[PDB]
Amino acid sequence: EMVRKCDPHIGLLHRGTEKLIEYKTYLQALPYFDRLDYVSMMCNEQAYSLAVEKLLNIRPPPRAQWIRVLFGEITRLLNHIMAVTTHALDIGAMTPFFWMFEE
Amino acid sequence: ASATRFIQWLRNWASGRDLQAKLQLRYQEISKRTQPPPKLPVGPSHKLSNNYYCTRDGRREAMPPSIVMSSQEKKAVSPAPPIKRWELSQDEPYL
Amino acid sequence: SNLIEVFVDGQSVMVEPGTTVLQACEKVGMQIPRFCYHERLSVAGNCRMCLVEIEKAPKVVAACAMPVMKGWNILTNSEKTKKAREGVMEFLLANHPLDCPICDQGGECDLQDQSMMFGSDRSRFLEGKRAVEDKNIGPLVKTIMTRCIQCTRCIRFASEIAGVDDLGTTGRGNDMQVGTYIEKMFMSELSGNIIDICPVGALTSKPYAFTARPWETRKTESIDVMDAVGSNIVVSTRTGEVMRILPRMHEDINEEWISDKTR
Amino acid sequence: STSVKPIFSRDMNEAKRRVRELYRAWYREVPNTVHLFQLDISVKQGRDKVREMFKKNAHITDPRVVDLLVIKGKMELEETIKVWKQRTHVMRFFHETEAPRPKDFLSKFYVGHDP
Amino acid sequence: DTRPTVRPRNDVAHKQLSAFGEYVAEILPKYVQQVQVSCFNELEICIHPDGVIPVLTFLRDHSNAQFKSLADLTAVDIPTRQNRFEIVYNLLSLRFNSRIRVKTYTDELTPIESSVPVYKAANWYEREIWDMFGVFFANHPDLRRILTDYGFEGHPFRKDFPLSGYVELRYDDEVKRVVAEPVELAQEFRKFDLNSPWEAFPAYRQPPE
Amino acid sequence: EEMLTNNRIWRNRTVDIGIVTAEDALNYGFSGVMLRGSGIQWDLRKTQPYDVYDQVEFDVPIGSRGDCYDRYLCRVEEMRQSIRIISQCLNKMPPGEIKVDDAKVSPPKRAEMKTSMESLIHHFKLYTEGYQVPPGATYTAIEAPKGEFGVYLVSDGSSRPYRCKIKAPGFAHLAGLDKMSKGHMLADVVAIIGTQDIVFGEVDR
Amino acid sequence: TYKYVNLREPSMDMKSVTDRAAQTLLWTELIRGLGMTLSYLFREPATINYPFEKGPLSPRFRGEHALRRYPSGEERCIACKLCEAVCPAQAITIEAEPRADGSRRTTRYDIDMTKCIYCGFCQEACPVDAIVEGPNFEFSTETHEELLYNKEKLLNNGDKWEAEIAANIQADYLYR
Amino acid sequence: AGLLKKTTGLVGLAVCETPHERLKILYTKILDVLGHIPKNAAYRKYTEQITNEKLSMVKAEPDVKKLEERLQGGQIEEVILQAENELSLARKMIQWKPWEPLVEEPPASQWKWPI
Amino acid sequence: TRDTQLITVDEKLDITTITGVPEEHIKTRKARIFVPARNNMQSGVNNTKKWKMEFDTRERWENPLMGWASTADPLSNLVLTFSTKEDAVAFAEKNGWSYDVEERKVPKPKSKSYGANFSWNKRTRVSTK
Amino acid sequence: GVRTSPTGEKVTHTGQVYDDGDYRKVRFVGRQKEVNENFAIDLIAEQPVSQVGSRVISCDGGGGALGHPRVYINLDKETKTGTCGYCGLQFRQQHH
Ligand SMILES: CCCCCCCCCCCCCCCCCC(=O)OC[C@H](COP(=O)([O-])OCC[N+](C)(C)C)OC(=O)CCCCCCCCCCCCCCCCC
Ligand code: SF4
Ligand code: SF4
Ligand code: SF4
Ligand code: SF4
Ligand code: FES
Ligand SMILES: [K+]
Ligand SMILES: [Zn+2]
């Protein structure tokens, strides 16, 4: 049970996202970004929005920026609960997953 | 909230924290599910004068990239000034 | 030889005498906004959307009608030019009906597209709007004339292409109405082509009414066989069905017109 | 203009060496593949299929293209040898389910509009 | 910067990044073909594909650069170009808090040199490019498909590959396995023509032909 | 933390497991906690700030041993700092509009669309053709919970992007699993997968 | 600013050394963890008694699609096809023709609910509030075909759910 | 100098007991390597200029913590590693010879965008 | 100059075998290289600036269940953009497609005079403005 | 209203019905053909014509922002009733 080599085989969830986006409008492509790191949904939206705004050379309003950061940090809590409580479950600590998934 | 006084002590002692102050089950302190109607503000461009779009058109202010060089005793430079060393937090430097 | 020299945003273009500011801007790749000008119709100069600033001149000139003069520098992207376009578009849309969802011209309307590119993003018109009667000019052309922007392209086409002088303007001012005054049919072997030239949804095809939208149609370039002229056409197909026939420009045959039978 | 960076082979003679070497590796590997994947084909059938794939491209004369085809083949070998593939992947070369498609004018005419 | 809706401009970065581009071009004339800095302040270095290792190593290791992190390595298919594939390297310098984009080109048959010697992150990125675009990176530790199915033939991200592909899978009870068959769609993908006939951005108007 | 932080079993499973050096982490393309567990002082919210992250105060957790235990502590402390940020965002939330007041990009309010001709036109075009984006190419990155998340977006001037390459932090982290798992048992590899924080929608795309 | 998560050195006085030894030998910290699980045992569970109790929702919830009517009973839809154009999944199919009274109305309005991503773009795009994602989420089926919705299905859903749909719009139309 | 650091803070990086001596050795090594590079080459003219700056600061400042602040390269061990990297790069430049003119100009419209 | 050590290949470029395309969708497909016609319903000319490549239309049929439009042609919605006819022809040739080129139809320059509307002796006189 | 075909199948508001020889009506065997009984063409006709005292009237469909885009209808023709292109409501000008 000592690991000599690891060969991660991926693509079992490759779903031609980047090609599909070229057949969609910029707005139509945004939901694809929620479904990438589907544990940090609003964070992925923000990156795409920032890129498009930069190309558009526009600026989001101030209140929207504060809302983005607020929900970006809520989204960080959502991700770090899953990361911590599924790291623990895989290691055998089942209980914390249930405590924190209620949050 | 419905826990008897003995049970509150037992679970407070075992955990070690006053759990009744910060309960994890929401009760009546949440917001009402029916709220008064809103009235939202308007943007800076909701003006009837001095609001020509040509003065507030970001897309049209975007220019093609500058061509610094093309095949068609200076001091050395860095991409940007060297970064500033971070400072330890004064709230709690060591966890 | 006889060519004169003019400048479009500072770039030199040599144009034959009699050429218009508009036609000069084409030779550098710039398309001036337009609603009334059509290259195959007579000049009218009534929409005022082609207005463009000439450097060292205090008045904007209608590019569609003003010949170029030697040495003129044409400022197509100046503030004065851009503000003139926004003002004109604002007047055009003031009494325009809110009909884009129910208007078959949606997605292929020059008023929509030129509003997006050369107009403002909002309205300051807090008044009521004009409404107009609908006029029956036959079974092939549907008239929702509240959408008319009074460009007089239909009037000019009928007189100068079809040879029929049945379309005109009745009244004056905001109440000026394009039509026949009397109840008449604009029936002709070239009647349908007023639908194409009309930049708005005022004139539309009755057979094609409501069936499709511009973006969902695949364009196939074929030929007409109803006659021996061999008019070049476009066949718009959606989901394995033929929806409409449109002209395809060929200078040496059909120009940009087709017959009603073909259409 | 015609001067181009090579991939491996500098001439078709050097490339055709790699094609033959690749055929050798495939020919040895079919017997194990039938045994390991527990296929219901014969070793002759598999070796015939290898010959067919090598025959399809029997017209090429560009050293660079032949190098890429050899590269792609060798990748398929690593997959099959290491059992990264599965029985469904190995048996896709034989197109068992695809009923024979007509290949004469009249037969195509009776069924559809395709050339 | 008092226009509410317009992105602010930062000229200090534009002057800084522009100078560093002159710095690279002067130091690496043998490979640099073009240097450009954008309106939103990003520097792009465009190089001959034979300077990938020299240019990347210099940027990684030079004391006035120190781009130690390869954030991304990707490709773009532009069919009209005779060298249809544009290889893009995006690098991050933590020391100077800066980013630089390096661009090069190749075609279907011409290999590019693997950057794994410079950044060990490039191993998988280069595998993805091969799998998705079909570009071969020479002297790679293990070049093989990474995202596509085993036995998948074709390079999906090329602009000439159909969106829904050429084959589709199902389970057949006769052979008791998953089989691949030519693709037939109950509802064909509907191609919408959205581009407007009227120009939108004059500043990018291409010179007439 | 009572259940895990000082638990000798948890520490045994995570301490000195998956040690990644600062130098290798950079060249292998790591980001986020993977770098910060090794002692690299880097958080894009502090160095390349976006939105209003420069108007909020927070501390970046940093590791010392580069192990799965330090990365556990960084993530758990990052949760605390997010609560710190949320408190500031709640109290300094400004009034005003929420989308850019430029209706050639952002849709107008439904009331205006039903009353004004310009608003309806923009609504019609924004939901059919969409806004046209000037030609260009940008790499835009953020400090996502899992690391640096970036998009290489290419515009041809039309309303539909030409190319969109997605940089996912897990793509590089997974490629480092072999290096991170050298001289370890099967159960340790299970832990190394978790400390990396891997979602395969971003790794595959 | 930054903080160190694990860069503290222990105290080497005998009392501290002895205390750590007790922790090692008497498993104090492990016993501590058992207490937390014991405290949770005497806490009220967070479970709800579904289906007799339901999870909270908001008026903005995006659920089963419905086609609405004006108070007259006339269909709100005018076949503009904006929903069809914005749908990121190409889940909507529409064919229209002039009705016998000359109205612009649909002959086909099909939503493939196995293509839908329930994004709500089609209710944002609609200029007449005709297509809405309703409140319902309990429409699971025993077959795929039952999830390919046509115009009649979507109209029946509107007539089925109109009372709830209208009230939710009344609550949120000022935010929209 | 002062009291030696217990740790640099970076995993895999070891504290150097002789920082100034090591830096002087490496920077001097770089200048020797740069001598072989042709004079007009910009790599020599720039690398000399920055390296001789860094060398002067080491000789001027005895204390390590003051030296780190002035060098702006992080901990002194981070600086030493950077010196080794530049030395490695210098030796590679001699074989690459990037001071020579451009090998080949690109195709006509290779860098044109939009197309 | 370039010192990679290069080879000479005098064969024409053909990449059909390394593209993964089925044989049927190469030999039997006819490409069309054209500049799209201006939509006669609009006067803009920005969609006539670039060459396109399309393929021949094939059968679409009604799905028995819902009446949708079903197809078996993988190249149905494939449209490529090129800056020039030469670039397009090269791309088709290397991919082994048969092609037909149709030349660009440019609007002819014209004589436009607002004065002619008021001619004294000519038929260009307009009877209405 | 729902009228039934000679086969017994219900006809829809789009006039769709399967003819006698169509095999696709087997999908309804043991199940049902779902048809909405409220035909919008019949219900709009029930609404009375509105008498107004102007040449031009506006319609928003009711509810303000909850209706349809505001349009103005000309009532200068006395041989017909002005109809809304969105809601189907009819208006007539009342002889002054
Ligand atoms: C007085 C007259 C002379 C007679 C003197 C007699 C000797 C008396 C003093 C001896 C002290 C012995 C202490 C107890 C034994 C120590 C065990 C030990 O070695 O621990 C070290 C071990 C190891 O701890 P570690 O973390 O230090 O491991 C590494 C060890 N070093 C660093 C030294 C290499 O601890 C454990 O055993 C952990 C066990 C994990 C599983 C725990 C499950 C939960 C159990 C909770 C309930 C426990 C109560 C059960 C009661 C059952 C009732 C029926
Ligand atoms: S003519 Fe154009 S702007 Fe007017 S309603 Fe029709 S689509 Fe809208
Ligand atoms: S009906 Fe059309 S073509 Fe005629 S004047 Fe009005 S807008 Fe112009
Ligand atoms: S909710 Fe989104 S995906 Fe679903 S039908 Fe509406 S627009 Fe399409
Ligand atoms: S957007 Fe609304 S009105 Fe337009 S077709 Fe869709 S449902 Fe009908
Ligand atoms: S185009 Fe010149 S006034 Fe109309
Ligand atoms: K028209
Ligand atoms: Zn109405």
# chains A, B, ... in the order shown; residues from 1 in each chain; ligands from 1

$ residues_near_ligand --ligand "ligand 8" --cutoff "7 Å" --atoms "only C-alpha atoms and all ligand atoms" --output "number ranges by chain"
J: 59-61, 68, 84-89

$ write_last_selection --atoms "C-alpha atoms" --output "short mmCIF file (atom, residue, chain, number, x, y, z; two decimals), in the first residue's frame"
data_model
loop_
_atom_site.label_atom_id
_atom_site.label_comp_id
_atom_site.auth_asym_id
_atom_site.auth_seq_id
_atom_site.Cartn_x
_atom_site.Cartn_y
_atom_site.Cartn_z
CA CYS J 59 -53.15 50.74 -23.34
CA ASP J 60 -50.73 49.17 -20.88
CA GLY J 61 -52.76 45.99 -20.39
CA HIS J 68 -47.40 45.12 -21.57
CA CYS J 84 -54.25 46.45 -28.94
CA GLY J 85 -51.43 44.48 -30.50
CA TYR J 86 -50.51 42.98 -27.13
CA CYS J 87 -53.65 42.36 -25.05
CA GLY J 88 -56.32 42.20 -27.75
CA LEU J 89 -58.59 44.73 -26.05
#

$ interface_residues --of "chain C" --to "chain E" --cutoff "7 Å" --atoms "only C-alpha atoms" --output "ChimeraX atom specification"
/C:28-29,113,117,215-216

$ select_by_dssp --residues "range 4-97 of chain E" --states "strand (DSSP E or B)" --output "PyMOL selection string"
chain E and resi 6+32-37+43-47+69-77+85-93

$ interface_residues --of "chain C" --to "chain I" --cutoff "8 Å" --atoms "only C-alpha atoms" --output "PDB file with N, CA and C atoms, in the first residue's frame"
ATOM      1  N   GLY C  18     -18.366  66.016 -58.056  1.00  0.00           N
ATOM      2  CA  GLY C  18     -19.750  65.629 -57.906  1.00  0.00           C
ATOM      3  C   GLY C  18     -19.987  64.597 -56.828  1.00  0.00           C
ATOM      4  N   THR C  19     -18.928  63.978 -56.321  1.00  0.00           N
ATOM      5  CA  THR C  19     -19.054  62.997 -55.259  1.00  0.00           C
ATOM      6  C   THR C  19     -19.512  63.664 -53.968  1.00  0.00           C
ATOM      7  N   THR C  20     -20.289  62.926 -53.185  1.00  0.00           N
ATOM      8  CA  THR C  20     -20.812  63.423 -51.925  1.00  0.00           C
ATOM      9  C   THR C  20     -19.897  63.041 -50.771  1.00  0.00           C
ATOM     10  N   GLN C  31     -19.163  53.902 -43.024  1.00  0.00           N
ATOM     11  CA  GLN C  31     -20.549  54.028 -43.446  1.00  0.00           C
ATOM     12  C   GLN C  31     -21.219  55.084 -42.580  1.00  0.00           C
ATOM     13  N   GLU C  39     -28.889  54.353 -52.360  1.00  0.00           N
ATOM     14  CA  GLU C  39     -28.008  54.593 -53.493  1.00  0.00           C
ATOM     15  C   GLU C  39     -28.730  54.494 -54.829  1.00  0.00           C
ATOM     16  N   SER C  42     -33.497  58.657 -55.492  1.00  0.00           N
ATOM     17  CA  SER C  42     -33.135  60.062 -55.510  1.00  0.00           C
ATOM     18  C   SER C  42     -32.810  60.551 -54.104  1.00  0.00           C
ATOM     19  N   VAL C  43     -31.917  61.535 -54.035  1.00  0.00           N
ATOM     20  CA  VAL C  43     -31.540  62.120 -52.759  1.00  0.00           C
ATOM     21  C   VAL C  43     -32.687  62.963 -52.223  1.00  0.00           C
ATOM     22  N   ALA C  44     -32.896  62.900 -50.915  1.00  0.00           N
ATOM     23  CA  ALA C  44     -33.979  63.612 -50.253  1.00  0.00           C
ATOM     24  C   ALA C  44     -33.508  64.527 -49.137  1.00  0.00           C
ATOM     25  N   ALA C  65     -26.289  64.526 -49.480  1.00  0.00           N
ATOM     26  CA  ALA C  65     -26.644  65.497 -50.498  1.00  0.00           C
ATOM     27  C   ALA C  65     -25.567  66.524 -50.784  1.00  0.00           C
ATOM     28  N   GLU C 108     -33.801  42.995 -37.593  1.00  0.00           N
ATOM     29  CA  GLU C 108     -33.299  43.494 -38.864  1.00  0.00           C
ATOM     30  C   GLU C 108     -33.843  44.887 -39.124  1.00  0.00           C
ATOM     31  N   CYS C 109     -33.820  45.732 -38.099  1.00  0.00           N
ATOM     32  CA  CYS C 109     -34.312  47.099 -38.173  1.00  0.00           C
ATOM     33  C   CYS C 109     -33.138  48.056 -38.077  1.00  0.00           C
ATOM     34  N   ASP C 110     -33.094  49.027 -38.985  1.00  0.00           N
ATOM     35  CA  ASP C 110     -32.022  50.008 -38.955  1.00  0.00           C
ATOM     36  C   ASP C 110     -32.221  51.023 -37.843  1.00  0.00           C
ATOM     37  N   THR C 152     -39.781  58.711 -46.941  1.00  0.00           N
ATOM     38  CA  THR C 152     -40.178  58.917 -48.334  1.00  0.00           C
ATOM     39  C   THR C 152     -39.399  58.031 -49.297  1.00  0.00           C
ATOM     40  N   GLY C 168     -47.769  59.113 -51.658  1.00  0.00           N
ATOM     41  CA  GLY C 168     -47.395  60.487 -51.402  1.00  0.00           C
ATOM     42  C   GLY C 168     -47.615  60.848 -49.952  1.00  0.00           C
ATOM     43  N   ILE C 195     -41.120  46.923 -49.287  1.00  0.00           N
ATOM     44  CA  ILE C 195     -40.933  46.306 -47.979  1.00  0.00           C
ATOM     45  C   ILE C 195     -39.468  46.350 -47.574  1.00  0.00           C
ATOM     46  N   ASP C 196     -38.575  46.026 -48.506  1.00  0.00           N
ATOM     47  CA  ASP C 196     -37.153  45.974 -48.190  1.00  0.00           C
ATOM     48  C   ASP C 196     -36.602  47.362 -47.900  1.00  0.00           C
ATOM     49  N   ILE C 197     -36.930  48.335 -48.750  1.00  0.00           N
ATOM     50  CA  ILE C 197     -36.353  49.665 -48.619  1.00  0.00           C
ATOM     51  C   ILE C 197     -36.846  50.350 -47.353  1.00  0.00           C
ATOM     52  N   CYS C 198     -38.098  50.111 -46.973  1.00  0.00           N
ATOM     53  CA  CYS C 198     -38.615  50.674 -45.735  1.00  0.00           C
ATOM     54  C   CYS C 198     -37.732  50.204 -44.589  1.00  0.00           C
ATOM     55  N   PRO C 199     -36.971  51.099 -43.958  1.00  0.00           N
ATOM     56  CA  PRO C 199     -36.034  50.660 -42.924  1.00  0.00           C
ATOM     57  C   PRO C 199     -36.702  50.239 -41.634  1.00  0.00           C
ATOM     58  N   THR C 239     -35.517  25.415 -39.794  1.00  0.00           N
ATOM     59  CA  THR C 239     -35.951  24.078 -39.406  1.00  0.00           C
ATOM     60  C   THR C 239     -36.498  23.304 -40.602  1.00  0.00           C
ATOM     61  N   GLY C 240     -35.755  23.352 -41.702  1.00  0.00           N
ATOM     62  CA  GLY C 240     -36.141  22.628 -42.895  1.00  0.00           C
ATOM     63  C   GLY C 240     -37.422  23.105 -43.535  1.00  0.00           C
ATOM     64  N   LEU C 246     -35.770  36.693 -50.387  1.00  0.00           N
ATOM     65  CA  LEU C 246     -35.227  38.033 -50.386  1.00  0.00           C
ATOM     66  C   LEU C 246     -34.328  38.244 -51.594  1.00  0.00           C
ATOM     67  N   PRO C 247     -34.233  39.470 -52.097  1.00  0.00           N
ATOM     68  CA  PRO C 247     -33.285  39.738 -53.177  1.00  0.00           C
ATOM     69  C   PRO C 247     -31.847  39.662 -52.705  1.00  0.00           C
ATOM     70  N   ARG C 248     -30.989  39.219 -53.612  1.00  0.00           N
ATOM     71  CA  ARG C 248     -29.549  39.263 -53.442  1.00  0.00           C
ATOM     72  C   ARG C 248     -28.979  40.131 -54.548  1.00  0.00           C
ATOM     73  N   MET C 249     -28.124  41.074 -54.178  1.00  0.00           N
ATOM     74  CA  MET C 249     -27.728  42.112 -55.113  1.00  0.00           C
ATOM     75  C   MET C 249     -26.850  41.542 -56.217  1.00  0.00           C
ATOM     76  N   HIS C 250     -27.262  41.770 -57.460  1.00  0.00           N
ATOM     77  CA  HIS C 250     -26.420  41.532 -58.623  1.00  0.00           C
ATOM     78  C   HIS C 250     -26.589  42.725 -59.546  1.00  0.00           C
ATOM     79  N   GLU C 251     -25.511  43.481 -59.744  1.00  0.00           N
ATOM     80  CA  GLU C 251     -25.624  44.751 -60.449  1.00  0.00           C
ATOM     81  C   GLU C 251     -26.086  44.554 -61.885  1.00  0.00           C
ATOM     82  N   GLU C 256     -30.967  45.180 -56.879  1.00  0.00           N
ATOM     83  CA  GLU C 256     -31.359  44.669 -55.574  1.00  0.00           C
ATOM     84  C   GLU C 256     -32.873  44.552 -55.466  1.00  0.00           C
TER      85      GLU C 256
END

$ residues_around --residues "residue 168 in chain F" --least-positions-apart "3" --cutoff "6 Å" --atoms "only C-alpha atoms" --output "list in words"
residues 149, 171 and 202 of chain F

$ residues_near_ligand --ligand "ligand 3" --cutoff "7 Å" --atoms "only C-alpha atoms and all ligand atoms" --output "PyMOL selection string"
chain C and resi 145+148-155+178+194+197-200+202-203

$ residues_around --residues "range 158-172 of chain E" --least-positions-apart "3" --cutoff "10 Å" --atoms "only C-alpha atoms" --output "ChimeraX atom specification"
/A:16,19-20,22-23 /D:88,97 /E:75-79,84-85,132-134,152-155,175-185,188-189 /F:162 /I:19-22,25,72-81,91,95

$ interface_residues --of "chain F" --to "chain J" --cutoff "6 Å" --atoms "only C-alpha atoms" --output "list in words"
residues 111, 114 and 115 of chain F

$ select_by_dssp --residues "range 44-85 of chain I" --states "helix (DSSP H, G or I)" --output "ChimeraX atom specification"
/I:46-48,85

$ residues_around --residues "residue 96 in chain H" --least-positions-apart "5" --cutoff "12 Å" --atoms "only C-alpha atoms" --output "list in words"
residues 28, 29, 30, 31, 50, 51, 52, 53, 54, 55, 57 and 58 of chain E; 37, 89, 90 and 91 of chain H; 3 of chain I

$ residues_near_ligand --ligand "ligand 2" --cutoff "7 Å" --atoms "only C-alpha atoms and all ligand atoms" --output "CSV table (one decimal) with N, CA, C and O atoms, in the first residue's frame"
chain,number,residue,atom,x,y,z
C,96,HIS,N,-42.2,57.1,-31.9
C,96,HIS,CA,-42.2,55.7,-32.4
C,96,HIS,C,-42.9,54.8,-31.4
C,96,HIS,O,-42.7,54.9,-30.2
C,97,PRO,N,-43.7,53.9,-31.9
C,97,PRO,CA,-44.5,53.0,-31.0
C,97,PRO,C,-43.6,51.9,-30.4
C,97,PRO,O,-42.6,51.5,-31.0
C,98,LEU,N,-44.0,51.5,-29.2
C,98,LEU,CA,-43.3,50.4,-28.5
C,98,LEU,C,-43.8,49.1,-29.0
C,98,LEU,O,-44.5,48.4,-28.4
C,99,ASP,N,-43.3,48.7,-30.2
C,99,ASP,CA,-43.9,47.6,-31.0
C,99,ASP,C,-42.8,46.6,-31.4
C,99,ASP,O,-43.1,45.6,-32.1
C,100,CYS,N,-41.6,46.7,-30.9
C,100,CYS,CA,-40.5,45.8,-31.4
C,100,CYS,C,-40.8,44.3,-31.1
C,100,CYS,O,-40.6,43.5,-32.0
C,103,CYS,N,-43.4,43.6,-33.8
C,103,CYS,CA,-43.0,44.1,-35.1
C,103,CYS,C,-42.0,43.1,-35.8
C,103,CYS,O,-41.0,42.7,-35.2
C,104,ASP,N,-42.4,42.7,-37.0
C,104,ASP,CA,-41.6,41.7,-37.7
C,104,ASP,C,-40.3,42.3,-38.1
C,104,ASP,O,-39.4,41.5,-38.5
C,105,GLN,N,-40.0,43.6,-38.0
C,105,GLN,CA,-38.8,44.1,-38.4
C,105,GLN,C,-37.7,44.0,-37.3
C,105,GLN,O,-36.6,44.3,-37.5
C,106,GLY,N,-38.1,43.5,-36.1
C,106,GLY,CA,-37.2,43.2,-35.0
C,106,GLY,C,-36.1,42.3,-35.4
C,106,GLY,O,-36.3,41.3,-36.0
C,107,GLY,N,-34.8,42.7,-35.1
C,107,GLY,CA,-33.7,42.0,-35.4
C,107,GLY,C,-33.0,42.3,-36.7
C,107,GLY,O,-31.9,42.0,-37.0
C,109,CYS,N,-33.8,45.7,-38.1
C,109,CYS,CA,-34.3,47.1,-38.2
C,109,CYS,C,-33.1,48.1,-38.1
C,109,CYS,O,-32.3,47.9,-37.2
C,110,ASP,N,-33.1,49.0,-39.0
C,110,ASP,CA,-32.0,50.0,-39.0
C,110,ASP,C,-32.2,51.0,-37.8
C,110,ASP,O,-31.2,51.6,-37.3
C,111,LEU,N,-33.5,51.3,-37.4
C,111,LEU,CA,-33.7,52.2,-36.3
C,111,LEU,C,-33.2,51.5,-35.0
C,111,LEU,O,-32.6,52.2,-34.2
C,112,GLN,N,-33.5,50.2,-34.8
C,112,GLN,CA,-32.9,49.6,-33.7
C,112,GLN,C,-31.4,49.6,-33.7
C,112,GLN,O,-30.8,50.0,-32.7
C,147,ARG,N,-45.4,53.3,-37.3
C,147,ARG,CA,-44.0,53.0,-37.2
C,147,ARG,C,-43.2,53.8,-38.3
C,147,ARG,O,-42.0,53.7,-38.3
C,200,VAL,N,-38.0,50.4,-41.5
C,200,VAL,CA,-38.7,50.1,-40.3
C,200,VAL,C,-39.8,49.1,-40.6
C,200,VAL,O,-40.0,48.7,-41.7
C,201,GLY,N,-40.6,48.8,-39.6
C,201,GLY,CA,-41.7,47.9,-39.7
C,201,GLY,C,-43.0,48.4,-40.2
C,201,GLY,O,-44.1,47.8,-40.2
C,202,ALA,N,-43.0,49.7,-40.7
C,202,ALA,CA,-44.2,50.3,-41.3
C,202,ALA,C,-44.8,49.5,-42.4
C,202,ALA,O,-46.0,49.2,-42.5
F,121,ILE,N,-35.9,49.1,-27.0
F,121,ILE,CA,-34.9,48.8,-28.1
F,121,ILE,C,-33.7,48.1,-27.5
F,121,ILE,O,-33.2,47.1,-28.0

$ residues_around --residues "range 29-35 of chain B" --least-positions-apart "3" --cutoff "9 Å" --atoms "only C-alpha atoms" --output "ChimeraX atom specification"
/B:26,38 /G:58,171

$ write_last_selection --atoms "N, CA, C and O atoms" --output "JSON list (two decimals), in the first residue's frame"
[["chain", "number", "residue", "atom", "x", "y", "z"],
["B", 26, "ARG", "N", -32.57, 28.76, 13.99],
["B", 26, "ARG", "CA", -33.20, 30.07, 13.94],
["B", 26, "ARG", "C", -34.60, 30.01, 14.54],
["B", 26, "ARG", "O", -35.35, 29.06, 14.32],
["B", 38, "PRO", "N", -40.37, 47.90, -1.73],
["B", 38, "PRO", "CA", -39.20, 48.77, -1.85],
["B", 38, "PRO", "C", -39.47, 49.97, -2.74],
["B", 38, "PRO", "O", -40.51, 50.10, -3.39],
["G", 58, "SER", "N", -38.33, 31.62, -1.35],
["G", 58, "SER", "CA", -38.53, 33.04, -1.59],
["G", 58, "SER", "C", -39.38, 33.25, -2.84],
["G", 58, "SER", "O", -39.53, 32.33, -3.66],
["G", 171, "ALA", "N", -44.66, 40.77, -5.30],
["G", 171, "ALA", "CA", -43.66, 41.00, -4.27],
["G", 171, "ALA", "C", -42.32, 41.44, -4.83],
["G", 171, "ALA", "O", -41.60, 42.21, -4.18]]

$ closest_atom_pairs --of "chain G" --to "ligand 1" --cutoff "6 Å" --atoms "only C-alpha atoms and all ligand atoms" --output "CSV"
residue,atom,partner,partner_atom_place_in_ligand_line,distance
G:24,CA,ligand 1,27 (O),4.8
G:25,CA,ligand 1,16 (C),4.2
G:26,CA,ligand 1,13 (C),5.7
G:31,CA,ligand 1,46 (C),5.8

$ write_last_selection --atoms "C-alpha atoms" --output "compact mmCIF listing (two decimals), in the first residue's frame"
# COMPACT_ATOMS: atom_id res chain seq x y z
CA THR G 24 -0.53 12.06 26.21
CA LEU G 25 -1.20 9.40 28.84
CA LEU G 26 -4.73 10.26 30.02
CA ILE G 31 -11.98 13.15 25.95

$ atom_distance --atom1 "CA of residue 123 in chain G" --atom2 "CA of residue 66 in chain A"
26.5 Å

$ atom_distance --atom1 "CA of residue 4 in chain E" --atom2 "CA of residue 54 in chain A"
14.7 Å

$ residues_around --residues "residue 18 in chain F" --least-positions-apart "6" --cutoff "7 Å" --atoms "only C-alpha atoms" --output "list in words"
residues 67, 68, 180, 181 and 192 of chain F

$ write_last_selection --atoms "C-alpha atoms" --output "compact mmCIF listing (two decimals), in the first residue's frame"
# COMPACT_ATOMS: atom_id res chain seq x y z
CA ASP F 67 1.98 20.09 5.19
CA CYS F 68 -1.67 19.11 5.10
CA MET F 180 3.24 15.44 -3.41
CA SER F 181 2.56 11.72 -2.83
CA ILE F 192 -3.41 14.72 -0.20
